[PDB]
Structure formats: structure tokens, C-alpha cells
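Report on the following structure.
Read-outs: derived from the displayed coordinates by stated rules, not from any lab. Cβ sites come from the backbone with ideal geometry, for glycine too, and all protein chains shown count toward neighbours.
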Amino acid sequence: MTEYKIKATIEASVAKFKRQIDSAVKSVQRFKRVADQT
Amino acid sequence: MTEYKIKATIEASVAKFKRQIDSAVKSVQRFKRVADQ
Amino acid sequence: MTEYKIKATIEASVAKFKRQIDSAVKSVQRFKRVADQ
Amino acid sequence: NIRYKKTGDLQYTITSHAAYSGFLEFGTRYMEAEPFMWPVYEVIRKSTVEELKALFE
DNA sequence: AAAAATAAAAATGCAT
DNA sequence: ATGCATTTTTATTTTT
């Protein structure tokens, strides 16, 4: 005999989206801080 | 062991949104100058 | 093996906002200077 | 003996654990192939992509 | 008339 | 899961 198993794999990457969201967040916080002086 | 794969990689084109919000910031600052100066 | 790339859309209203706010800027410049007359 | 496991974060691996199952998926020196996981790859790929799209549309 | 040698059918085991 | 190779039992042909 031989252990001729078969695999199928489903996987995803979020870390780029994570950083894109951080970039948008801090841009809106920039708007927040200038609106506070206005 | 043969492996079939499905990969999903997630994107957002925030480079437009950044430019929009920065344009808004720079536009608002003109008001502050007009008020104080 | 296969990969797909999946896109979110992120967007803003700022084109109207510029026009509106700049009209208000001009309002302040105008009445502020006229008030000195 | 078809099973799956969460083998990593955002990673699930399906596995046919029966030893001879490759000989059935691919055929042999004596047998025609009777592929059974490949036809499911063609299905679950579409569902996975369209559901991930629907998470962001 | 007994029974050694043989091909065909059934059961156990391994092979992909 | 699907199949092939080896061993065992059997009915028939042949020799003694």
C-alpha cells in the first residue's frame, strides 16, 4: 500500500487591506484635527 | 499528496480616498486664514 | 493552483463640499472687507 | 474518510484520507480515472469568490 | 478398477 | 474502490 491521499486548500490574505484601512483612518483623523480648530 | 488551491487576496484602492480627504483638508484651511488674517 | 484578487470600493463627496465651502469663504471675505467701509 | 481542518489562520484544508483515493482520482495502470475532488474544485472556487465579493460589494 | 496428472472455477491476498 | 496474481479444490483424462 501507499498513503496516496489528496488535498484541497482554501486560504485568504487580509493584511494588505488591513494596512490600506489604517491609511484611510489616519487621513480622516487629519480632517478631524483640522475641523476641531474650525 | 496532490494539493489543489484556492487563494483570495483582498484589496482597497484607498489612494483615491486619501487624495479626496486631503483636498478637503487643504480647502478648509483657506477659511481659517480668511477668518484670522 | 489559482488566486483571485477581491476589491473593496472607498469614496467621498468632496467635489460639492469644495464649491459650497469656497462660496462661504468668499462671503466672509466680502462682508468682512465691506464692513470696514 | 473525506474530512477538513482549519490548518491555519484563514486557511482550511480538505483531505481525502483513504489511502487508495489517489488511484481513484487519477486512475492507474489498470483503471480509468473517476475524478471526484476536481469536479468540486470547479464548484467551490466560484462560490468562494462570489461570496467574498458579496462581503465587499 | 484405482488414482496420478491436468485445466477450470472459487477463495485469499496484494497492487494502483 | 477496482482489479490482478497466487493458492486451493474440483471433475475429467489417462496410466497402471
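To keep it simple, each residue is scored yes or no on (1) within 16 Å of DNA strand F (Cβ to nearest atom); (2) part of a helix (DSSP H, G or I); (3) surrounded by 10 or more Cβ atoms within 10 Å (Cβ to Cβ); (4) not acidic (D, E).
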residue: D:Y4; (1), (2), (3), (4): no, no, yes, yes
residue: D:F36; (1), (2), (3), (4): yes, no, yes, yes
residue: D:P39; (1), (2), (3), (4): yes, yes, no, yes
residue: D:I44; (1), (2), (3), (4): no, yes, yes, yes
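Evaluate the following for D:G22: is it within 16 Å of DNA strand F (Cβ to nearest atom), among the small types (G, A, S) and more than 10 Å from chain A (Cβ to nearest Cβ)? So D:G22 does not fit the description; no. Just one of the listed residues (D:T48, D:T7, D:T15) is β-branched (V, I, T) and more than 23 Å from A:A15 (Cα to Cα), and it is D:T15.
Name the single residue that is surrounded by the most Cβ atoms within 10 Å (Cβ to Cβ) among those in chain B being facing another protein chain (nearest Cβ under 7 Å) and among the charged types (D, E, K, R). Residue satisfying both the conditions and the ranking: B:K18. For segment D:6-19, the set of residues classified as within 16 Å of DNA strand F (Cβ to nearest atom) and either in contact with an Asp or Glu (Cβ under 9 Å, 6 or more places away or on another chain) or within 7 Å of chain A (Cβ to nearest Cβ) (or both) consists of D:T15, D:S16, D:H17, D:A19, listed by residue number.
Listed here are the residues, each with its yes/no results for (1) among the basic types (K, R); (2) touching a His at 6+ places or on another chain (Cβ under 9 Å).
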residue	(1), (2)
D:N1	no, yes
D:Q11	no, no
D:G22	no, no
D:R29	yes, no
D:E32	no, no
D:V40	no, no
D:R45	yes, no
D:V49	no, no
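Which count do you get for residues in chain A that are within 14 Å of chain D (Cβ to nearest Cβ), surrounded by 13 or more Cβ atoms within 10 Å (Cβ to Cβ) and either closer than 28 Å to C:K18 by Cα or away from DNA strand F (no atom under 16 Å from the Cβ) (or both)? Total meeting the criteria: 12. Of all residues in segment D:23-37, those satisfying the criterion of being out of contact with any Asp or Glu (no Cβ under 9 Å at 6 or more places or on another chain) and within 11 Å of DNA strand E (Cβ to nearest atom) are D:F23, D:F26, D:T28, D:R29, D:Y30, D:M31.
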